[PDB]
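Structure first, commentary second.
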Amino acid sequence: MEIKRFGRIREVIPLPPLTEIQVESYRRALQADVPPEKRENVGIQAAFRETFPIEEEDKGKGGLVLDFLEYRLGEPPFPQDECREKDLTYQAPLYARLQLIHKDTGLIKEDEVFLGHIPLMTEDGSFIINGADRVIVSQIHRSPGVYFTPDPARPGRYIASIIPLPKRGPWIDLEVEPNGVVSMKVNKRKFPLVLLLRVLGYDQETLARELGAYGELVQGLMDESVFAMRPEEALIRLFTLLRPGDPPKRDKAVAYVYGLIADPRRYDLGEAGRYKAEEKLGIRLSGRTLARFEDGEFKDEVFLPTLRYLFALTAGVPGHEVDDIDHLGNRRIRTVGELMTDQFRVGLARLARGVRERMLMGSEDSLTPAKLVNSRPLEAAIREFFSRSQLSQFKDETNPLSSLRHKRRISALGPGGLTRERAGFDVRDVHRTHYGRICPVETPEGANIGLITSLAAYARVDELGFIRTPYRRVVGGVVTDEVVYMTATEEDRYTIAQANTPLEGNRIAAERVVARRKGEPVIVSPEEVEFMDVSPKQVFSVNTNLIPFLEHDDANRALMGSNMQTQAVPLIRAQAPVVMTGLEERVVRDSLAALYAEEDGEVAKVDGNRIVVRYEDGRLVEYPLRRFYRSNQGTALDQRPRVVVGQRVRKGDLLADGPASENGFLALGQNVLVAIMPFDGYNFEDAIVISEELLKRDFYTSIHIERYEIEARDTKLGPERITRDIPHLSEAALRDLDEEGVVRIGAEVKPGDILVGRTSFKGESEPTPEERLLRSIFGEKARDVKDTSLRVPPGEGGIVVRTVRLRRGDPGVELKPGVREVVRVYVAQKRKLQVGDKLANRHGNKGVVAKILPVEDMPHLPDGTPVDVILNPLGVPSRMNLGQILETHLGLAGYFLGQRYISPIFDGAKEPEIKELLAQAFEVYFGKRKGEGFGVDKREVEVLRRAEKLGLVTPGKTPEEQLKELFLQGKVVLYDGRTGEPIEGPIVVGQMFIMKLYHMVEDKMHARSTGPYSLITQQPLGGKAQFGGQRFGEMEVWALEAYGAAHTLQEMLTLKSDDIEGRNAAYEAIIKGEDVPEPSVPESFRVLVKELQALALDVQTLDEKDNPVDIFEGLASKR
Amino acid sequence: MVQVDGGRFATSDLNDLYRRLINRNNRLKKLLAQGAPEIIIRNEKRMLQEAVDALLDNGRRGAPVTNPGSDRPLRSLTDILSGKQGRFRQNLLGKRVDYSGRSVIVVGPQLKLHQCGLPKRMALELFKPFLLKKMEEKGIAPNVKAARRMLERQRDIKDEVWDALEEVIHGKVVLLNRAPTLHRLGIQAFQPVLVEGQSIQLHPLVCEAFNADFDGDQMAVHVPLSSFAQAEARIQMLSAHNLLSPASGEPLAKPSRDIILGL
Amino acid sequence: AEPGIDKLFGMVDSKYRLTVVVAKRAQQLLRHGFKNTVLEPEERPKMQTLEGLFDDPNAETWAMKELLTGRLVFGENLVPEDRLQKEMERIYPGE
Amino acid sequence: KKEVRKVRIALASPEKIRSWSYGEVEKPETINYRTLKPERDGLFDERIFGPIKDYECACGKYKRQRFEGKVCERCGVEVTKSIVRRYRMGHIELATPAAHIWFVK
Amino acid sequence: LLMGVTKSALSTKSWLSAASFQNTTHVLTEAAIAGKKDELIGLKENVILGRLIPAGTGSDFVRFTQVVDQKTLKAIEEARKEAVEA
Amino acid sequence: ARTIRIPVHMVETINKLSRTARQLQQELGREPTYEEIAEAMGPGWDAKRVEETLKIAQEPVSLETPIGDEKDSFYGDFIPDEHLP
Amino acid sequence: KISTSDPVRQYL
Amino acid sequence: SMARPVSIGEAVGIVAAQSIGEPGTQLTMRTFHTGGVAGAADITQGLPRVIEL
Amino acid sequence: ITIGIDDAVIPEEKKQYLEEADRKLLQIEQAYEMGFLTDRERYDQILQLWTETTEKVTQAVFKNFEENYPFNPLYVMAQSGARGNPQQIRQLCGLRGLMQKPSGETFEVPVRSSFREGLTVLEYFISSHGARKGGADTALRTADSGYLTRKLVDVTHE
Ligand SMILES: CNC(=O)[C@@H](C)[C@H]1C(=O)/C(=C(O)/C=C/C(C)=C/[C@@H](C)[C@H]2O[C@@]3(C)O[C@H](C=C[C@@]34CO4)[C@@H]2C)C(=O)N1[C@@H]1CC[C@H](O)[C@H](C)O1
Ligand SMILES: [Mg+2]
Ligand SMILES: [Zn+2]
């Protein structure tokens, strides 16, 4: 085929490695590939350093110094592939050389000490925790620093706020109240700002004129002139205005805490916090926060600026100090690293605590090694942060695209020290800043809006999590090609121009040009233009930038269209869209579905299983291709090899494709001939009708795998075996159970069948009389064991494709307590396309298959060719996404002309150009006829009669001509293959990319009739085979209540759920053939009486006269 | 007092609050007996007084916790009554229905208001026992338990049962429900015309009633067991009888979307 | 929908009554085999795999095909509650 | 037989509190491990709250429906299946009283 | 007296209808002391029990109706004709 | 101390095991198999013993505790019944 | 108001 | 559902709430703070007022 | 009857109502540049303007249909109950010209474009706001709706 792209705004620089947010960070996080000699002490190196020198001086005897030397990792316990076969995390070795000092003789140095293990990141970006790919979701929060917010209830003036992180860093606030009292709530209760301002030599004579003589508020400071007359006294005076019981003479006591070490400090000297502190206000701050101890005399380069700014704020105009709490120059994102490093320092705490006790337990010199440190701490938290951490969940990997968009998602909800779930309203809005930082569409829908978001294509976290974006420079008329990824804050600073601004090489081309001054759409002048936008791609996230005519789809729908894609189940007959945005290859190449080649070479052996490259450097390497592997979701992943034999390869060029990889491009669906018109109500509301021809040619079919499991529980009633014994009815049921125990490979396993056989012991502690006499009459030697064999769950199951046992003599597994052995019977099915299924295009026409029609009678072009799907039009007027209608027009011309198209986001194709292709199409479509020797149907002429009154054609022109005009609009004359008669009126047709959607487990059409029930409550429940009941919602109660449906409601309140006596009586009643037994009572009530009765409150029902009535039928009449 | 994964044992916290109470009350007497220093007699009576409320209702003066692990509130009494933890919510969030089923819905064009279409595979489970019995009536099974086996594996179901399933059903009807049941029309009853597949074929006209489109909504089916229930259901609750709005004169089932378009 | 649901809805003082009545009669139309019916000879109930609805299909469809034709009787209190089941078990064979 | 028509809440006089009792739990024992059986006079018991297994007895002195509404001497256990064991109640005779917090707070 | 919908329900006669809220403690503390009989009137209150809705076909006005054929209608008078003591 | 009465005997014995569990945590690194612990403890200590000693040394899990996508769905409702046919 | 102290106090 | 007079034994109550509760989700209409107003919003529209009612 | 691009038809009286209103706009900023109107008056003067201009073409588009193409698809679905909101046709053909900020204070600048031609980048981003603005509120009135409907059934069942 041929690929012709569209429009042109010379995309200056490629997209960033779409996983940098994840990889790159975790890198800097744990520098394992660079010697302690290298110069980088952040995250891991930082946490460590910060938590080692434990100088526990005197509390008896010790004065033991314990430093850090060299941290290091080296060789993981098992390989990845194996970490999913069994069920273990993919860790790594982590120890560092430690040595302790003696205020006597000896500085023992006991090197390697692996105090646990730290997980690792795959070359793709995810982790492996227990066999399931997990991903850590990025998070945002309040950038440390200072902010001045409008005072809550008093429309008078505003307050201040000091924000540190860790949380141990005092969250301070400031506020004034003139008639005698000022305020500052560090921990809590207020007190003189000067009370503490004097704790640093700052006297009332230098403070009152060299700080706010330009501020009439200084009078609220001088106030208490009494305490304002003693230096190191306010250090004890204020120390007193706290409350424990403490000694007033503890010298450098708690003032240390508000100094350096753990509380106020930010990660690393330079930018972990000074950026905010400085840029925004003041000028300098040595050390981290208010840090110092070399002299005893404190310096607070913290408290002076704050007031020197609040008094500077509440008055005049330093500028416009108010602070937008939601500006991305004020909100920060914390990559996986910070999230890990921080939960990594909570561990160094529980350790530093368990260790402090050991400095007071040891005899004398035998202490450095294990007698001082144990792994139980660090190894339980980190583990905890990967296994349960709310901010960490399953790897949505229905398809490559998905596992990519996930990896790069951002969520507000997290630590709890950062944005919870009460708030929202204003923090959910899209900000004047998300432009080119976060998508203005991607966000979820429902109770979780704006809290979870995904960032833009070009965006990336610079140095300290302040999402920046590619912005290029323009000197006067001259427009740079150089780019300066700019932070939020340092952005507002300029007059940025949009990307679709007419160019003349490097010169804007119009007196007026639209630029944006801090979220303000303005029409400006060229010479004014300081910066321009790299391209549209940067404004929007990834998924979105994969949509065709985005620009024509109501953003409201852009979301569906953008999330649909995520639900794109990897079709066996993968296929790239007849029209592509551009990022096609980038996604695949950057996610890791397909297998590319390192450097030049040839080809050794291409095996459906292995590819061996013939690099021109003399060497040769095999490349394993995960054949039919199981994905968390279940959508298979198979790298089919594209490169033939001994082919002279080209570096970087793919060898094999991936799940969604077709030729190397993103194939999530199947280009298919659509004809948007109505049908016999088969596509009524949002329904879809299909051309069974799609089935004949294995088109919308996908390979899905399921994994059933079972254990040989070690009960105290006799070990559970997994033998080939089904104690009761047939061998016809044992058949496929060939192998003794497990099932044979490649055996159709329809539902109800025996995937595995097993056997436990029937009765709790005793056999059965009634059953005793019965078994003896036909052969008392009847194996008194139970058939607790694992069977195919109702619904479906394909054919066995691979099994896994784990009997005694366990290799390295981890069979749980009571687990004698686990078995696995993976099954696979070629789910074909059938009614009840859902499809959708990248624009949002999400619809469900409602009718499969025989080629023989659905809409056919004039020349035999019959369409594949019939979309209803009524679905497009309202959903204002005309975009999809362009995709079909352009699409048709893509058919008859035999070629593809790329239609960039905003700078794409236009109606005219398309109107041209359609014409050059009309030939291949009609030119043939003129030559194949045929004229025009006695129908076409008839449709043309109607096609003019409609006003789609210039009256008088020649029939031949008339069709060109028509066809060019996108419409053709379709024939109703059920009659031969023409759909009276031209109809639009053409190629539309349509993806299939992944079936949730909810899809499994459930159905119950009788099943288990909770031990406690007695309301229904499902499990392995039987389906769980349906919850009869209150609203469902009202509906019925509203109806005269009297009984029907009591049915649900007893028989079908809460009546033990009932259902019981009920079931049988039926079988025999009678009207169900009037409902007993619900346990729910009976439970209330006894529940209520547990509380000295007596609840006894009554009768006509106020005389008792017994609910718990006689069973409560004592003895 | 349940048994779980090996040594794992399960038990409502309540039992722990009781024990508490018992041991105290018991230390009481036993204390009084052995002479009696005042301070202690009260201290214990005090402690006791606390315990007494413990099980009655926690948090109204304090919160006791099972030895460390979870600072969880040993679910006292009212907590279960009131549902002081969404318990009541889930309680009046209905129970479960024994003969239910939920599937994906699909338009049933040539269908008729009077009817509805559910998959056999579904119907089969539903009126299962009503089938067992018919199973024994026809020669496709001698006795119940036996017949039960017949219908246990999909591969052993002679294509004679379906005809039987058809019988059972004939005459009968069921109820379909939408997601947020907002009004009485919210649940409507039809006599199912056994279909194929895994989907529920719903009638176009009623789509207005159940706010329901066909891009993936799922409806639920309910079986009215009682000769009485079934009786009311197919008389005063059968779709085809509730064409107008109980909210206002205006009719609910009316020519919609495409249909209008044509006329 | 259902054959003469209106005529039926009109031979009573309340929607909710017709229901009970057809319900109660249907139960007894089973409780007492299927001969207590008030009509049968010619054109009456019918199914199709074979004409077998003549014996035991829908309980209630009958109740409604009988109560519709002016043959049955019903009231708020027509005949003494207990001696009813008596005679009924006495005149109609089936069990 | 009689169709309930009116419900009624009321205060539980020690008379009506004991009445409801099928015994007085007099010990903190739950269930010892060597055997999944309820301990002596504890929260769980065959005598107090009822049998543990169907019609069967505590020690199997009796095992059928025939001996329905009658009791055993050696262990003591009227019986109909487990079902009673959830509906039955018992008390704890307190030393010095304490009031229903509900009424105090 | 005019009162908001909420407060209007949170004060009804029957404690059962009044416990379907999240104040079930006060609601109960009074019903006891008082010795209140919740004459089951409404439906909600009447559902908790498992009773039959007071309305729909749960209407006393129809709860008890009777059906009969003219063949049987005759058979009952015959149970009266036998009253002729010889 | 516990909800399920255990003897004084099998108490002084659990503490040892809790302790020995640490002495083995001390040097090996691998959380002792029921072999390391067994050998270490004493005489009549097999592998089935230690494994058996612990399930008992456990703590009854609250019949009522947040399950799955913990929100409302309460544990207990996932446990079936058996006495009742 | 919280036990412990009272007793610890009542004792002293 | 019919047009004839109401029938005795009907749950008018619930059938009421329901009707008056369904439309529900279909209301509301504005009101926020422009740019420093020496005024007070008066016309409460949508669901929020129905409640207030 | 189907939906091809040439279906949403735009009236020649768009560039008009648009241009004519571009000048009545220019005029205003002169009446602002000098000192006659207040910043607040400048603003309202504008919105006022568009709001009318917006509304104006909405009827323009429709009349084109009524008079020249009564049988247009988009029109016919809209006219009969079928499917179609006037404020939607407007969006398609005329223009969706006035979204608002997170604030509540509508934008000063309109969104000239229609979904038919390329609703520009920043124009697209501008309308985005009203996206969440509306998603929020909606996930709320569904809640409180319920809430209320419970109260109702409570004070009513009996
Ligand atoms: C119960 N209502 C009241 O008491 C009213 C009267 C009063 C009130 O106090 C309101 C609120 O407290 C609203 C809170 C919101 C919208 C919170 C977000 C975080 C919601 O976000 C979502 C995501 O999750 C939840 C619920 C719904 C959400 C939005 O979808 C979540 C609660 C409210 O809207 N009111 C009026 C109504 C008229 C007008 O709007 C005025 C300004 O206000
Ligand atoms: Mg939908
Ligand atoms: Zn006994």
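Please note that chains go A, B, ... in the order of the structure tokens, that every chain numbers its residues from 1, and that ligands are numbered from 1 in the order shown.
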
Practice item. Could I get the residue neighbourhood of ligand 3 at 9 Å, counting only C-alpha atoms and all ligand atoms, as a list in words? Key: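 The residues within 9 Å of ligand 3, counting only C-alpha atoms and all ligand atoms, are residues 46, 57, 58, 59, 60, 61, 62, 71, 72, 73, 74, 75, 76 and 77 of chain D.
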
Check your understanding: What residues have any atom no more than 9 Å from ligand 2 when counting only C-alpha atoms and all ligand atoms, and can you list them as a PyMOL selection string?
Key -> (chain A and resi 686) or (chain B and resi 211-217)

Point to revise | Given 12 Å and only C-alpha atoms and all ligand atoms, residues near ligand 1 as a PyMOL selection string | key: (chain A and resi 419-429+444-452) or (chain H and resi 25+27-33+41+43-53) or (chain I and resi 104+132-148)

Review point. Which neighbours of range 14-31 of chain D fall inside 6 Å, counting only C-alpha atoms, when residues of the same chain fewer than 5 positions from it are skipped, and could you give them as an MDAnalysis selection string?
Key: (chainID A and resid 1118) or (chainID B and resid 19 22) or (chainID D and resid 37:39 41:43 48 89:92) or (chainID F and resid 4)

Exercise for review: Extract, using only C-alpha atoms, all DNA, RNA and protein residues at most 12 Å from residue 4 in chain G, discarding same-chain residues fewer than 4 positions from it, and format them as a PyMOL selection string.
Suggested key: (chain B and resi 43-44+46-47+50) or (chain G and resi 8-11)

**Study point:** Atomic separation - CA of residue 66 in chain C relative to CA of residue 4 in chain H, Å
**Key:**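 Distance between the two atoms: 23.9 Å.
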
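CA of residue 53 in chain I is found 15.1 Å from CA of residue 28 in chain I.
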
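Restricting the calculation to only C-alpha atoms, the smallest distance between chain A and any of D:10, D:105, D:49, D:1 is found for D:10.
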
Check your understanding: Near range 56-72 of chain I, counting only C-alpha atoms, which residues have an atom at most 6 Å away, once you skip same-chain residues fewer than 2 positions from it, shown as a PyMOL selection string?
Key -> chain I and resi 11+52-54+74-76+90+94

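Each of B:15, B:60, B:186, B:37 was compared to residue 1 in chain G using only C-alpha atoms, and B:60 turns out to be the nearest.
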
Point to revise | 8 Å contacts from chain A to chain I using only C-alpha atoms, as an NGL selection string | key: :A and (425-426 or 428-431 or 435 or 440-441 or 445-447 or 449-450 or 498 or 521 or 536 or 539 or 551-556 or 676-678 or 873-874 or 876-878 or 880-883 or 885-886 or 889 or 906 or 950-951 or 969-971 or 985-988 or 1038)
